[PDB]
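Participant: Have a look at this one before I ask anything.
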Protein chains: 6
Amino acid sequence: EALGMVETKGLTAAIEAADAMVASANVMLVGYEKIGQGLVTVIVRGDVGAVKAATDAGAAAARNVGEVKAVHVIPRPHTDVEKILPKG
Amino acid sequence: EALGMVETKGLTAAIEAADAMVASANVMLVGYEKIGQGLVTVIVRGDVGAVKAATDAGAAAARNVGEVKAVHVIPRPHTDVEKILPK
Amino acid sequence: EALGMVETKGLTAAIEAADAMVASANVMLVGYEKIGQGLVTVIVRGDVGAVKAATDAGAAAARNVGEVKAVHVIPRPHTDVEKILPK
Amino acid sequence: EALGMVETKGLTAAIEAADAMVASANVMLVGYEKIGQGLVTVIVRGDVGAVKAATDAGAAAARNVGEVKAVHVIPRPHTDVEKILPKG
Amino acid sequence: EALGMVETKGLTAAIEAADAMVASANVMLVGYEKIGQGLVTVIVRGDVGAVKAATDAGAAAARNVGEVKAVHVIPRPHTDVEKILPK
Amino acid sequence: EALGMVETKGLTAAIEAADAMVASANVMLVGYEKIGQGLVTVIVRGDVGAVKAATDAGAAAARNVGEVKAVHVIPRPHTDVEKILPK
């Protein structure tokens, strides 16, 4: 039901965050978003609780590799969940 | 139609602003714009009051995630929404 | 016809400058140009006086919304407006 | 015969450089190149002497509006002049 | 199969890391990823030991050419290599 | 085939490096690569000696225009020139 995000400065940290997120909780990786200036956002989906767990492990994983710029969990409607996400 | 903008440093704060703005039934998400230096702009369209309330809710939500760089509402855009916005 | 430019750091300020420019005078909005590092240029065309008045109005407006990096008017451009501007 | 370049931080300064270059000497504007981080390169073509004159006025024009990052004149072969230029 | 990454500040360092990685071990170059601010990531795949040896060799090499920002090996990735990586 | 690279801060220095490298008949310009933070990489292909001489001439010329960030020659690239380079 919720959306989880880990924004890092560096792709290596983002890949590590992504891997940790999916390994730790029952979340599905939505994808990556590059906005420039080394900023990469990793987006995940699933239960709010599992998203909170995932985002936490992903934030930790990336801090061990590089710089974490933002960490957020967005509870979302079951009707139009991935609606709010960008189209690049 | 009113134009509402919330500009943030980071995409995570932009997605958070967009979620807060889209929360009301009369506010429609136009899109995101990446301009560099980590800056992302969220643009919404709707009734003046709805847009004002939305952008305020956007900025409030965005602040807690990352840096809000700008918050603005153009109640009566002059050319047309499509013409006044970038491609 | 003259060329008017308002360059801002942030898109929100640029949309506001654009709106003020077309509202102020009989100027035609050519478009926006993103060059990176949050820099957005709003370009307008018309009579020198209209262009001068418009750029002034767009700069003043954007200034209450964000950072204005440059404000410039080219009264008599060289290779006809289309040629002098980027694709 | 030569290639002239004025690289500015800001598009407003680049448009001003471009306008000054074509107004001052017998040069032809090739175009603009955006490389990010506010960096814009204005490229001109013609006689080496006219290119030197153009680049000088363009550098001055842009310094009056914004930041000039680089100014260079490249004498080139008449066979393949614009060959060396980027394809974006 | 394991995932190996060498992130550098500069493309020249990245090409050098890539070359050293494929020369050192039985690793397959997946590709390069540009994320802005001069950051380039070189990604390889193969046996954990081969990947460890390769990343080490690519980091050492790039270091004599430019700035290495990160060096990381994921021994057992989750959503099969293609899914875990960006498009 | 040998691979030669000259990485600079600014495009003007990159065009200058490319002109100096392309000056010899056995050095072929592969292209330019923009990676962000004002960084531009010029890549050339040819005989080892020609590539070495070219990159050195590139760097020398580039220095006088802007900042040279990296200069490197890979005499014997391992995969293949097309495979070892970004898309």
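Convention: chains lettered A, B, ... in structure tokens order; per-chain residue numbering from 1; ligands numbered from 1 as shown.
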Chain A residues within 12 Å of chain C, counting only C-alpha atoms: which ones, as a ChimeraX atom specification?
Facilitator: /A:35-37
Participant: Superposition of chain A onto chain D by least squares over all sequentially paired C-alpha atoms; the transformed chain is requested as a compact mmCIF listing (two decimals) with N, CA, C and O atoms, in the first residue's frame.
Facilitator:
# COMPACT_ATOMS: atom_id res chain seq x y z
N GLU A 1 38.22 30.75 -42.50
CA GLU A 1 39.14 29.63 -42.28
C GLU A 1 39.28 29.14 -40.82
O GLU A 1 39.71 28.01 -40.60
N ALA A 2 38.97 29.99 -39.83
CA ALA A 2 39.10 29.68 -38.41
C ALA A 2 37.77 29.56 -37.70
O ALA A 2 36.73 30.01 -38.20
N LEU A 3 37.83 28.93 -36.50
CA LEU A 3 36.76 28.63 -35.56
C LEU A 3 36.97 29.47 -34.29
O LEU A 3 38.07 29.51 -33.73
N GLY A 4 35.92 30.14 -33.85
CA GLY A 4 35.95 30.97 -32.65
C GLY A 4 34.96 30.54 -31.59
O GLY A 4 33.81 30.24 -31.90
N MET A 5 35.40 30.53 -30.34
CA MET A 5 34.56 30.09 -29.23
C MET A 5 34.60 31.00 -28.01
O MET A 5 35.66 31.43 -27.59
N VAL A 6 33.41 31.24 -27.44
CA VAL A 6 33.19 32.00 -26.21
C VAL A 6 32.31 31.10 -25.35
O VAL A 6 31.19 30.79 -25.76
N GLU A 7 32.83 30.64 -24.22
CA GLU A 7 32.11 29.75 -23.30
C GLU A 7 31.71 30.56 -22.07
O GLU A 7 32.58 31.09 -21.39
N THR A 8 30.39 30.67 -21.79
CA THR A 8 29.88 31.43 -20.65
C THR A 8 29.12 30.57 -19.64
O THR A 8 28.64 29.49 -19.99
N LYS A 9 29.01 31.07 -18.40
CA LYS A 9 28.16 30.47 -17.38
C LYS A 9 26.89 31.35 -17.43
O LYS A 9 26.88 32.49 -16.95
N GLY A 10 25.88 30.83 -18.11
CA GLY A 10 24.63 31.53 -18.30
C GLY A 10 24.30 31.70 -19.76
O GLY A 10 25.19 32.01 -20.57
N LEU A 11 23.02 31.49 -20.11
CA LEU A 11 22.60 31.63 -21.49
C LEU A 11 22.49 33.09 -21.91
O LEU A 11 22.83 33.42 -23.05
N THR A 12 22.01 33.97 -21.00
CA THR A 12 21.86 35.40 -21.29
C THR A 12 23.17 36.00 -21.80
O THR A 12 23.15 36.72 -22.80
N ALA A 13 24.31 35.66 -21.15
CA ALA A 13 25.64 36.12 -21.54
C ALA A 13 26.02 35.53 -22.91
O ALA A 13 26.60 36.24 -23.73
N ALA A 14 25.65 34.25 -23.17
CA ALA A 14 25.93 33.57 -24.43
C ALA A 14 25.21 34.27 -25.59
O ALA A 14 25.86 34.53 -26.60
N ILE A 15 23.90 34.60 -25.44
CA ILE A 15 23.11 35.27 -26.47
C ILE A 15 23.74 36.64 -26.78
O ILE A 15 23.89 37.01 -27.94
N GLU A 16 24.17 37.36 -25.72
CA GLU A 16 24.83 38.65 -25.81
C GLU A 16 26.18 38.55 -26.53
O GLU A 16 26.48 39.42 -27.35
N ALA A 17 26.95 37.48 -26.24
CA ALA A 17 28.26 37.22 -26.87
C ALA A 17 28.04 36.99 -28.35
O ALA A 17 28.67 37.67 -29.15
N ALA A 18 27.08 36.08 -28.69
CA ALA A 18 26.68 35.72 -30.06
C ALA A 18 26.32 36.97 -30.86
O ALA A 18 26.87 37.18 -31.94
N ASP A 19 25.45 37.84 -30.28
CA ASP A 19 25.02 39.06 -30.93
C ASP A 19 26.16 40.01 -31.21
O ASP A 19 26.22 40.58 -32.30
N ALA A 20 27.07 40.16 -30.25
CA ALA A 20 28.22 41.03 -30.36
C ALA A 20 29.21 40.52 -31.40
O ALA A 20 29.70 41.30 -32.22
N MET A 21 29.47 39.19 -31.38
CA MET A 21 30.37 38.54 -32.34
C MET A 21 29.97 38.85 -33.77
O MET A 21 30.79 39.41 -34.50
N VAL A 22 28.70 38.59 -34.14
CA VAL A 22 28.19 38.84 -35.49
C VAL A 22 28.07 40.32 -35.87
O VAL A 22 28.10 40.64 -37.07
N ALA A 23 27.96 41.21 -34.88
CA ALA A 23 27.80 42.65 -35.10
C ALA A 23 29.11 43.36 -35.36
O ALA A 23 29.15 44.32 -36.12
N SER A 24 30.16 42.89 -34.70
CA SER A 24 31.49 43.47 -34.74
C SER A 24 32.35 43.05 -35.95
O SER A 24 32.95 43.92 -36.59
N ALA A 25 32.40 41.75 -36.27
CA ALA A 25 33.19 41.26 -37.40
C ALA A 25 32.40 40.43 -38.41
O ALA A 25 31.24 40.12 -38.18
N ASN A 26 33.03 40.09 -39.55
CA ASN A 26 32.43 39.28 -40.61
C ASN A 26 32.58 37.78 -40.30
O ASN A 26 33.36 37.05 -40.91
N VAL A 27 31.84 37.36 -39.27
CA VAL A 27 31.80 35.98 -38.79
C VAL A 27 30.40 35.41 -38.94
O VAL A 27 29.42 36.16 -38.93
N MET A 28 30.28 34.09 -39.07
CA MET A 28 28.98 33.44 -39.14
C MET A 28 28.78 32.61 -37.87
O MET A 28 29.66 31.85 -37.49
N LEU A 29 27.62 32.77 -37.22
CA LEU A 29 27.30 32.02 -36.02
C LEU A 29 27.01 30.57 -36.38
O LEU A 29 26.08 30.31 -37.15
N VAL A 30 27.80 29.64 -35.84
CA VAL A 30 27.60 28.22 -36.07
C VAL A 30 26.47 27.71 -35.17
O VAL A 30 25.55 27.04 -35.66
N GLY A 31 26.52 28.10 -33.89
CA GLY A 31 25.51 27.71 -32.91
C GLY A 31 25.97 27.68 -31.46
O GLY A 31 27.06 28.14 -31.13
N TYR A 32 25.11 27.15 -30.59
CA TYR A 32 25.31 27.02 -29.15
C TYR A 32 25.46 25.57 -28.76
O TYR A 32 24.85 24.70 -29.36
N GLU A 33 26.19 25.31 -27.70
CA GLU A 33 26.33 23.96 -27.14
C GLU A 33 26.21 24.02 -25.63
O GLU A 33 26.92 24.78 -24.98
N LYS A 34 25.27 23.27 -25.09
CA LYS A 34 25.02 23.21 -23.65
C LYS A 34 25.71 21.94 -23.14
O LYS A 34 25.44 20.86 -23.66
N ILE A 35 26.59 22.07 -22.16
CA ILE A 35 27.28 20.90 -21.56
C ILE A 35 26.87 20.62 -20.08
O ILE A 35 27.39 19.68 -19.45
N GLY A 36 25.93 21.43 -19.58
CA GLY A 36 25.41 21.38 -18.22
C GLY A 36 26.15 22.32 -17.29
O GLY A 36 27.16 22.93 -17.67
N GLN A 37 25.64 22.42 -16.05
CA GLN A 37 26.19 23.27 -14.99
C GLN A 37 26.30 24.73 -15.41
O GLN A 37 27.26 25.45 -15.07
N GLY A 38 25.28 25.14 -16.16
CA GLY A 38 25.12 26.49 -16.67
C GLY A 38 26.06 26.89 -17.79
O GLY A 38 26.01 28.04 -18.23
N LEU A 39 26.90 25.94 -18.27
CA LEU A 39 27.90 26.20 -19.30
C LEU A 39 27.37 26.11 -20.72
O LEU A 39 26.82 25.07 -21.11
N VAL A 40 27.51 27.23 -21.47
CA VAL A 40 27.05 27.41 -22.85
C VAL A 40 28.22 27.90 -23.70
O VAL A 40 28.88 28.87 -23.33
N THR A 41 28.48 27.23 -24.85
CA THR A 41 29.56 27.60 -25.76
C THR A 41 28.97 28.18 -27.03
O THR A 41 28.09 27.55 -27.63
N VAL A 42 29.42 29.37 -27.43
CA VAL A 42 28.98 30.01 -28.67
C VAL A 42 30.11 29.82 -29.67
O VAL A 42 31.27 30.15 -29.36
N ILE A 43 29.79 29.23 -30.85
CA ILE A 43 30.79 28.95 -31.88
C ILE A 43 30.54 29.79 -33.12
O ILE A 43 29.40 29.85 -33.59
N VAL A 44 31.59 30.43 -33.64
CA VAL A 44 31.54 31.23 -34.87
C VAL A 44 32.59 30.76 -35.89
O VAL A 44 33.55 30.07 -35.51
N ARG A 45 32.42 31.18 -37.15
CA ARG A 45 33.27 30.82 -38.27
C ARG A 45 33.60 32.06 -39.18
O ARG A 45 32.83 33.03 -39.26
N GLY A 46 34.75 31.98 -39.86
CA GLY A 46 35.24 32.97 -40.80
C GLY A 46 36.74 33.13 -40.81
O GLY A 46 37.46 32.28 -40.30
N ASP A 47 37.22 34.26 -41.39
CA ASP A 47 38.62 34.67 -41.44
C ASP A 47 39.25 34.59 -40.01
O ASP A 47 38.53 34.84 -39.03
N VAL A 48 40.54 34.22 -39.89
CA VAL A 48 41.19 34.17 -38.56
C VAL A 48 41.12 35.54 -37.85
O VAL A 48 40.64 35.60 -36.71
N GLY A 49 41.48 36.61 -38.59
CA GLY A 49 41.44 37.98 -38.10
C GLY A 49 40.08 38.44 -37.61
O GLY A 49 39.95 39.03 -36.54
N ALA A 50 39.04 38.16 -38.42
CA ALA A 50 37.67 38.48 -38.06
C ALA A 50 37.27 37.61 -36.87
O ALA A 50 36.66 38.15 -35.95
N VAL A 51 37.68 36.30 -36.82
CA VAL A 51 37.35 35.45 -35.67
C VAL A 51 37.98 36.00 -34.37
O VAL A 51 37.28 36.14 -33.36
N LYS A 52 39.26 36.43 -34.43
CA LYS A 52 39.96 37.06 -33.30
C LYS A 52 39.16 38.29 -32.81
O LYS A 52 38.89 38.38 -31.63
N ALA A 53 38.71 39.17 -33.74
CA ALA A 53 37.91 40.38 -33.46
C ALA A 53 36.57 40.04 -32.81
O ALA A 53 36.23 40.60 -31.77
N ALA A 54 35.85 39.08 -33.41
CA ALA A 54 34.55 38.60 -32.93
C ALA A 54 34.64 38.07 -31.51
O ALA A 54 33.95 38.59 -30.64
N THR A 55 35.53 37.07 -31.27
CA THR A 55 35.77 36.43 -29.97
C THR A 55 36.10 37.46 -28.88
O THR A 55 35.69 37.30 -27.73
N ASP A 56 36.80 38.53 -29.26
CA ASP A 56 37.18 39.59 -28.35
C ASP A 56 35.98 40.40 -27.92
O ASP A 56 35.80 40.62 -26.72
N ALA A 57 35.12 40.81 -28.88
CA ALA A 57 33.87 41.57 -28.62
C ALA A 57 32.86 40.72 -27.87
O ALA A 57 32.23 41.20 -26.94
N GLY A 58 32.75 39.46 -28.25
CA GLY A 58 31.86 38.49 -27.62
C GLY A 58 32.26 38.21 -26.19
O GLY A 58 31.40 38.11 -25.34
N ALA A 59 33.56 38.14 -25.91
CA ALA A 59 34.10 37.92 -24.56
C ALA A 59 33.76 39.12 -23.67
O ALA A 59 33.35 38.92 -22.53
N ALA A 60 33.89 40.35 -24.23
CA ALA A 60 33.63 41.63 -23.57
C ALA A 60 32.15 41.80 -23.28
O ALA A 60 31.79 42.14 -22.15
N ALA A 61 31.30 41.53 -24.30
CA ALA A 61 29.84 41.60 -24.25
C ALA A 61 29.29 40.72 -23.11
O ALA A 61 28.52 41.22 -22.27
N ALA A 62 29.72 39.44 -23.07
CA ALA A 62 29.33 38.46 -22.05
C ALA A 62 29.85 38.84 -20.68
O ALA A 62 29.10 38.72 -19.72
N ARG A 63 31.09 39.36 -20.56
CA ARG A 63 31.60 39.79 -19.24
C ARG A 63 30.77 40.94 -18.66
O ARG A 63 30.74 41.12 -17.45
N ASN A 64 30.10 41.70 -19.53
CA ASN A 64 29.23 42.79 -19.12
C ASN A 64 27.88 42.27 -18.60
O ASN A 64 27.20 42.99 -17.87
N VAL A 65 27.50 41.05 -18.97
CA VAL A 65 26.22 40.43 -18.59
C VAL A 65 26.43 39.35 -17.51
O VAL A 65 25.72 39.36 -16.51
N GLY A 66 27.40 38.46 -17.72
CA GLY A 66 27.68 37.37 -16.81
C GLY A 66 29.12 36.91 -16.80
O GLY A 66 30.03 37.70 -17.07
N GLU A 67 29.32 35.62 -16.46
CA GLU A 67 30.63 34.98 -16.32
C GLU A 67 31.13 34.36 -17.63
O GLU A 67 30.43 33.54 -18.21
N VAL A 68 32.34 34.72 -18.06
CA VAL A 68 32.98 34.12 -19.24
C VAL A 68 33.93 33.02 -18.71
O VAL A 68 34.83 33.32 -17.92
N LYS A 69 33.72 31.76 -19.12
CA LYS A 69 34.57 30.68 -18.64
C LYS A 69 35.79 30.40 -19.54
O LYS A 69 36.86 30.08 -19.03
N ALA A 70 35.63 30.54 -20.87
CA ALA A 70 36.72 30.31 -21.83
C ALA A 70 36.53 31.13 -23.10
O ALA A 70 35.41 31.43 -23.49
N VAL A 71 37.65 31.51 -23.75
CA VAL A 71 37.69 32.27 -25.01
C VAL A 71 38.85 31.67 -25.79
O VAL A 71 39.98 31.66 -25.30
N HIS A 72 38.56 31.16 -26.98
CA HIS A 72 39.57 30.58 -27.85
C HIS A 72 39.27 30.74 -29.34
O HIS A 72 38.10 30.72 -29.72
N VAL A 73 40.34 30.89 -30.17
CA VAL A 73 40.30 30.96 -31.64
C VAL A 73 41.09 29.74 -32.10
O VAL A 73 42.24 29.58 -31.70
N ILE A 74 40.49 28.91 -32.95
CA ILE A 74 41.13 27.73 -33.53
C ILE A 74 41.27 27.87 -35.06
O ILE A 74 40.34 27.53 -35.81
N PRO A 75 42.46 28.27 -35.57
CA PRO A 75 42.65 28.24 -37.04
C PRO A 75 42.46 26.78 -37.52
O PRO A 75 42.87 25.83 -36.83
N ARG A 76 41.70 26.60 -38.62
CA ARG A 76 41.30 25.28 -39.13
C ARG A 76 41.54 25.05 -40.63
O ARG A 76 41.64 26.03 -41.38
N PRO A 77 41.62 23.77 -41.11
CA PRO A 77 41.79 23.55 -42.56
C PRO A 77 40.52 23.90 -43.33
O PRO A 77 39.42 23.72 -42.82
N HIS A 78 40.68 24.40 -44.55
CA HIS A 78 39.55 24.77 -45.41
C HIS A 78 38.79 23.52 -45.93
O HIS A 78 37.65 23.64 -46.39
N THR A 79 39.44 22.33 -45.90
CA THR A 79 38.86 21.08 -46.38
C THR A 79 37.71 20.62 -45.48
O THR A 79 36.56 20.57 -45.93
N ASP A 80 38.02 20.34 -44.19
CA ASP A 80 37.09 19.87 -43.16
C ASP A 80 37.09 20.79 -41.93
O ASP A 80 37.62 20.42 -40.88
N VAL A 81 36.47 21.98 -42.06
CA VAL A 81 36.40 22.99 -40.99
C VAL A 81 35.51 22.60 -39.77
O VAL A 81 36.05 22.33 -38.70
N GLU A 82 34.18 22.52 -39.95
CA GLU A 82 33.25 22.14 -38.88
C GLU A 82 33.28 20.64 -38.52
O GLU A 82 32.37 20.18 -37.83
N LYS A 83 34.30 19.88 -38.98
CA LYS A 83 34.44 18.43 -38.77
C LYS A 83 34.61 18.08 -37.29
O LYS A 83 33.97 17.16 -36.77
N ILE A 84 35.49 18.82 -36.65
CA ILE A 84 35.88 18.67 -35.27
C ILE A 84 34.78 18.98 -34.23
O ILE A 84 34.85 18.50 -33.10
N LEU A 85 33.76 19.76 -34.63
CA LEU A 85 32.66 20.13 -33.73
C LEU A 85 31.85 18.93 -33.22
O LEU A 85 31.74 17.93 -33.94
N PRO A 86 31.28 19.02 -31.99
CA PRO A 86 30.48 17.90 -31.46
C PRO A 86 29.14 17.71 -32.15
O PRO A 86 28.60 18.62 -32.77
N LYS A 87 28.58 16.50 -31.98
CA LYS A 87 27.26 16.11 -32.47
C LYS A 87 26.30 15.99 -31.25
O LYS A 87 25.49 15.05 -31.17
N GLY A 88 26.42 16.95 -30.31
CA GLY A 88 25.63 17.01 -29.09
C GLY A 88 26.03 15.95 -28.08
O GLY A 88 26.01 14.76 -28.37
Participant: Please report as a Markdown table every residue of chain E lying within 12 Å of chain F, along with the nearest atom pair and their distance in Å (one decimal), using only C-alpha atoms.
Facilitator:
| residue | atom | partner | partner_atom | distance |
| --- | --- | --- | --- | --- |
| E:8 | CA | F:35 | CA | 11.0 |
| E:9 | CA | F:35 | CA | 9.0 |
| E:10 | CA | F:35 | CA | 7.3 |
| E:11 | CA | F:41 | CA | 6.9 |
| E:12 | CA | F:5 | CA | 6.4 |
| E:13 | CA | F:70 | CA | 8.0 |
| E:14 | CA | F:85 | CA | 9.8 |
| E:15 | CA | F:84 | CA | 7.0 |
| E:16 | CA | F:74 | CA | 7.4 |
| E:17 | CA | F:84 | CA | 10.3 |
| E:18 | CA | F:84 | CA | 7.1 |
| E:19 | CA | F:78 | CA | 6.1 |
| E:20 | CA | F:78 | CA | 8.3 |
| E:21 | CA | F:78 | CA | 9.5 |
| E:22 | CA | F:78 | CA | 6.9 |
| E:23 | CA | F:78 | CA | 6.2 |
| E:24 | CA | F:78 | CA | 10.1 |
| E:25 | CA | F:78 | CA | 11.4 |
| E:26 | CA | F:79 | CA | 11.7 |
| E:27 | CA | F:79 | CA | 11.0 |
| E:28 | CA | F:79 | CA | 9.6 |
| E:29 | CA | F:84 | CA | 8.3 |
| E:30 | CA | F:83 | CA | 9.9 |
| E:31 | CA | F:86 | CA | 7.3 |
| E:32 | CA | F:86 | CA | 6.2 |
| E:33 | CA | F:86 | CA | 8.5 |
| E:34 | CA | F:35 | CA | 6.3 |
| E:35 | CA | F:35 | CA | 7.8 |
| E:36 | CA | F:36 | CA | 4.7 |
| E:37 | CA | F:37 | CA | 4.4 |
| E:38 | CA | F:36 | CA | 4.7 |
| E:39 | CA | F:35 | CA | 7.0 |
| E:40 | CA | F:35 | CA | 7.4 |
| E:41 | CA | F:86 | CA | 11.0 |
| E:42 | CA | F:86 | CA | 10.0 |
| E:43 | CA | F:84 | CA | 12.0 |
| E:61 | CA | F:72 | CA | 11.3 |
| E:62 | CA | F:72 | CA | 10.3 |
| E:63 | CA | F:70 | CA | 11.5 |
| E:64 | CA | F:72 | CA | 9.9 |
| E:65 | CA | F:70 | CA | 6.7 |
| E:66 | CA | F:70 | CA | 6.8 |
| E:67 | CA | F:70 | CA | 10.1 |
Participant: As an exercise, work out the distance from atom CA of residue F:75 to atom CA of residue E:57 in Å and give it to one decimal place.
Facilitator: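 Straight-line distance from atom CA of residue F:75 to atom CA of residue E:57 works out to 17.4 Å.
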Participant: Step one, run DSSP on the backbone; step two, keep only residues of chain C assigned to strand (DSSP E or B); then write them as a ChimeraX atom specification.
Facilitator: /C:2-9,28-36,39-46,67-74
Participant: Include N, CA and C atoms and write out the residues we just selected as an mmCIF file, in the first residue's frame.
Facilitator:
data_model
loop_
_atom_site.group_PDB
_atom_site.id
_atom_site.type_symbol
_atom_site.label_atom_id
_atom_site.label_comp_id
_atom_site.auth_asym_id
_atom_site.auth_seq_id
_atom_site.Cartn_x
_atom_site.Cartn_y
_atom_site.Cartn_z
ATOM 1 N N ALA C 2 12.947 43.479 -31.178
ATOM 2 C CA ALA C 2 13.870 43.337 -30.053
ATOM 3 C C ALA C 2 13.760 41.991 -29.308
ATOM 4 N N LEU C 3 14.832 41.623 -28.603
ATOM 5 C CA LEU C 3 14.947 40.382 -27.840
ATOM 6 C C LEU C 3 15.114 40.696 -26.375
ATOM 7 N N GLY C 4 14.262 40.093 -25.547
ATOM 8 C CA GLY C 4 14.284 40.275 -24.106
ATOM 9 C C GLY C 4 14.507 38.979 -23.358
ATOM 10 N N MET C 5 15.387 39.025 -22.358
ATOM 11 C CA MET C 5 15.739 37.851 -21.560
ATOM 12 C C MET C 5 15.759 38.116 -20.071
ATOM 13 N N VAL C 6 15.207 37.169 -19.328
ATOM 14 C CA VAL C 6 15.201 37.134 -17.882
ATOM 15 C C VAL C 6 15.676 35.722 -17.550
ATOM 16 N N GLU C 7 16.862 35.633 -16.923
ATOM 17 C CA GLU C 7 17.447 34.362 -16.512
ATOM 18 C C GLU C 7 17.336 34.245 -15.008
ATOM 19 N N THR C 8 16.744 33.151 -14.556
ATOM 20 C CA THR C 8 16.556 32.912 -13.124
ATOM 21 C C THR C 8 17.182 31.630 -12.684
ATOM 22 N N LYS C 9 17.443 31.515 -11.378
ATOM 23 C CA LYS C 9 17.889 30.252 -10.771
ATOM 24 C C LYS C 9 16.628 29.667 -10.129
ATOM 25 N N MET C 28 5.774 38.784 -27.229
ATOM 26 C CA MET C 28 5.507 37.405 -27.557
ATOM 27 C C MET C 28 6.526 36.527 -26.847
ATOM 28 N N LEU C 29 6.067 35.548 -26.047
ATOM 29 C CA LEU C 29 6.946 34.598 -25.366
ATOM 30 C C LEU C 29 7.516 33.633 -26.399
ATOM 31 N N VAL C 30 8.835 33.634 -26.557
ATOM 32 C CA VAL C 30 9.523 32.751 -27.504
ATOM 33 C C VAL C 30 9.646 31.357 -26.863
ATOM 34 N N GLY C 31 10.027 31.326 -25.588
ATOM 35 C CA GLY C 31 10.159 30.093 -24.832
ATOM 36 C C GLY C 31 11.131 30.145 -23.672
ATOM 37 N N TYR C 32 11.368 28.954 -23.095
ATOM 38 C CA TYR C 32 12.268 28.714 -21.981
ATOM 39 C C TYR C 32 13.464 27.950 -22.465
ATOM 40 N N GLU C 33 14.616 28.174 -21.826
ATOM 41 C CA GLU C 33 15.816 27.422 -22.134
ATOM 42 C C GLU C 33 16.461 26.998 -20.840
ATOM 43 N N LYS C 34 16.659 25.679 -20.666
ATOM 44 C CA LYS C 34 17.309 25.126 -19.478
ATOM 45 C C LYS C 34 18.767 24.886 -19.853
ATOM 46 N N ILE C 35 19.710 25.433 -19.078
ATOM 47 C CA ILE C 35 21.157 25.275 -19.356
ATOM 48 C C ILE C 35 21.901 24.523 -18.237
ATOM 49 N N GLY C 36 21.158 24.046 -17.254
ATOM 50 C CA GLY C 36 21.737 23.358 -16.115
ATOM 51 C C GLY C 36 22.035 24.267 -14.940
ATOM 52 N N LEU C 39 19.609 27.014 -13.850
ATOM 53 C CA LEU C 39 19.440 28.212 -14.686
ATOM 54 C C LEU C 39 18.423 28.015 -15.807
ATOM 55 N N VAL C 40 17.399 28.891 -15.811
ATOM 56 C CA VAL C 40 16.314 28.909 -16.787
ATOM 57 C C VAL C 40 16.223 30.322 -17.373
ATOM 58 N N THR C 41 16.203 30.420 -18.698
ATOM 59 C CA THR C 41 16.112 31.699 -19.407
ATOM 60 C C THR C 41 14.756 31.811 -20.088
ATOM 61 N N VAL C 42 14.072 32.910 -19.844
ATOM 62 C CA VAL C 42 12.795 33.196 -20.487
ATOM 63 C C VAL C 42 13.103 34.246 -21.583
ATOM 64 N N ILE C 43 12.720 33.936 -22.832
ATOM 65 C CA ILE C 43 12.972 34.815 -23.975
ATOM 66 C C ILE C 43 11.677 35.342 -24.553
ATOM 67 N N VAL C 44 11.616 36.661 -24.778
ATOM 68 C CA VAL C 44 10.468 37.339 -25.384
ATOM 69 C C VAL C 44 10.901 38.193 -26.578
ATOM 70 N N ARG C 45 9.947 38.538 -27.442
ATOM 71 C CA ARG C 45 10.184 39.371 -28.627
ATOM 72 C C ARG C 45 9.070 40.421 -28.834
ATOM 73 N N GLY C 46 9.443 41.567 -29.377
ATOM 74 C CA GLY C 46 8.536 42.667 -29.686
ATOM 75 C C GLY C 46 9.254 43.987 -29.892
ATOM 76 N N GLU C 67 15.695 33.719 -7.320
ATOM 77 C CA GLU C 67 16.924 34.405 -7.719
ATOM 78 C C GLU C 67 16.924 34.797 -9.195
ATOM 79 N N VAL C 68 17.146 36.091 -9.493
ATOM 80 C CA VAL C 68 17.289 36.565 -10.865
ATOM 81 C C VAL C 68 18.797 36.643 -11.141
ATOM 82 N N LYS C 69 19.283 35.907 -12.157
ATOM 83 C CA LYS C 69 20.718 35.915 -12.475
ATOM 84 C C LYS C 69 21.136 36.976 -13.488
ATOM 85 N N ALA C 70 20.264 37.287 -14.438
ATOM 86 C CA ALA C 70 20.512 38.291 -15.455
ATOM 87 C C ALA C 70 19.205 38.757 -16.069
ATOM 88 N N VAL C 71 19.225 39.998 -16.576
ATOM 89 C CA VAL C 71 18.136 40.701 -17.242
ATOM 90 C C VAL C 71 18.803 41.510 -18.343
ATOM 91 N N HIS C 72 18.448 41.201 -19.585
ATOM 92 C CA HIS C 72 19.061 41.842 -20.731
ATOM 93 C C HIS C 72 18.107 41.991 -21.887
ATOM 94 N N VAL C 73 18.267 43.122 -22.621
ATOM 95 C CA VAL C 73 17.495 43.469 -23.808
ATOM 96 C C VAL C 73 18.479 43.745 -24.941
ATOM 97 N N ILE C 74 18.288 43.065 -26.088
ATOM 98 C CA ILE C 74 19.061 43.308 -27.297
ATOM 99 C C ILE C 74 18.102 44.055 -28.258
#
Participant: By how many Å are atom CA of residue C:55 and atom CA of residue B:81 apart?
Facilitator: 20.4 Å
Participant: I'd like to know which residues of stretch 12-87 of chain A are alpha helix (DSSP H) (by DSSP, run on the backbone); could you write them as a PyMOL selection string?
Facilitator: chain A and resi 12-24+48-65
Participant: In Å, with one decimal, what is the gap from atom CA of residue F:47 to atom CA of residue E:58?
Facilitator: 24.2 Å
